[PDB]
Amino acid sequence: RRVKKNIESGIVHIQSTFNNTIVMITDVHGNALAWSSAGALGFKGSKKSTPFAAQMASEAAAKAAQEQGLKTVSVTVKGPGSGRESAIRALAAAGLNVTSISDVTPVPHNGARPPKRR
RNA sequence: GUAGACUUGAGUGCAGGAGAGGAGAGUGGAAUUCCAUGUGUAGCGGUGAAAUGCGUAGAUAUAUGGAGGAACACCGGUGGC
């Protein structure tokens, strides 16, 4: 007896960090009910950005998107990593309708100093 | 040294351009972090890994606007000043 929706063109916010990756599926502006990460699953160690583990991370919330009931995907990828690519082909092949893989990695212009030497 | 001469060195004229040359007076965007904020769940961190820790007071992440400082990637180069 809880409030539910049937959206179709969700917006798939997936952030591949350089250690992990969230895999999220979003509303029209939006907000995510069907969403996860790699690190949601207990792959904590050297297994934090294995790309087939990222494939299943880009599969689990992907199949959880049909709780809402969406099939076409409005993909948005941010950030690179060491597990990004099989996640990319994963949600390109995750029972979905890949048409628009967005690339929204934000760019400074000699901005703030990063933390130092190593 | 003394008187003398000329430009043929220097500089001053008339024409050109050039630059991150200085010093002030302002403006713009990206980006970071933070104020609320959609609405959802443990996450994120880091490495060879984690304890560090923060965080369920339920958030990061994602939707927005605001705030502020910093600095201004290709331009940019054995380039110039």
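Readers should treat all values here as calculations from the given coordinates under stated rules, not as data from a laboratory. In this analysis, Cβ positions are derived from the backbone assuming ideal geometry, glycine residues included, and neighbour counts consider all displayed protein chains.
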Task: Long-range HN-HN contacts of A:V75 with modeled amide H, under 5 Å - done: A:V12, A:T99, A:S100, A:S102
- [ ] Tally the DSSP beta bridges in chain A and give the antiparallel ones as a percent, rounded to 5.
- [x] 45
TODO: Could you size up the charge dipole of chain A around its Cα centre, putting +1 on the beta carbon of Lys and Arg and -1 on that of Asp and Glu, and report it in debye to the nearest 20?
DONE: 580
Open item on the list: Need one number for the range A:52-117: average projected area of the convex hull over its C-alpha atoms, nm².
Closed with: 6.1
Task: Restraint check, A:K63/A:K116; A:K47/A:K78; A:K5/A:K47, Cα-Cα greater than 32 Å - done: A:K63/A:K116; A:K5/A:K47
Open item on the list: Using only alpha-carbon positions, what ratio does the radius of gyration of chain A give when scaled by 2.2 N^0.38 Å?
Closed with: 1.12
Open item on the list: For a quick check: with amide H placed at 1.01 Å from N, whose amide H comes under 5 Å from A:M24's, ignoring anything fewer than 5 positions away on the same chain?
Closed with: A:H13, A:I14, A:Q15, A:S36
